[PDB]
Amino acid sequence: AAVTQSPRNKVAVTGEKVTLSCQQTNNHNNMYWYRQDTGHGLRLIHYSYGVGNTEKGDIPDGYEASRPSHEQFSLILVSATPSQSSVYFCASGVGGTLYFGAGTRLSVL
C-alpha cells in the first residue's frame, strides 16, 4: 500500500503506556500524527521532519513521539487517559501532498 498504521483497533486501560506504530513506504521525510474527534477535525499532535526529529503540533500534551528510522514514526501515550479515546491517523508527506493511513481506533477505559 503506502502508509500502514498498527494496530487498527486497540482497547487499553487508564495508566497504560500505548505505542501506535506507523510505517510508510514512500521515502518521505515528513510524517504526522493526528487524532480525529467529532467536535474538532483532524488535530495535529506531533510531526517529524526526519530520523531523530520530532516537533509538536497543536495538541501535543500527554503524548510523545519517536522517529527511530526513516520509515517509522511512533506515537506514544505515556499514562493513558479516557480522553485519549479517539481515532488516530498517521501521514507521510512532501510539498503540499499528504498520504494518510487507514486510522487506529483506540478506546481507553
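So that there is no doubt, residue numbering starts at 1 and follows the sequence shown.
Asker: Output the stretch having the higher mean C-alpha B factor in the entry; the candidates are 94-102 and 11-19.
Answerer: Taking the mean C-alpha B-factor of 94-102 and of 11-19, the larger value falls to 11-19.
Asker: Comparing 39-47 with 52-60, where is the mean C-alpha B-factor higher?
Answerer: Mean CA B-factor is higher for 39-47.
Asker: Among the modelled residues of its chain, does the C-alpha B-factor of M31 lie in the lowest, middle or highest third?
Answerer: Lowest third.
Asker: Mind checking which third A65 falls in for C-alpha B-factor across the chain?
Answerer: For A65, whose C-alpha B-factor we compare with every modelled residue in the chain, the answer is the lowest third.
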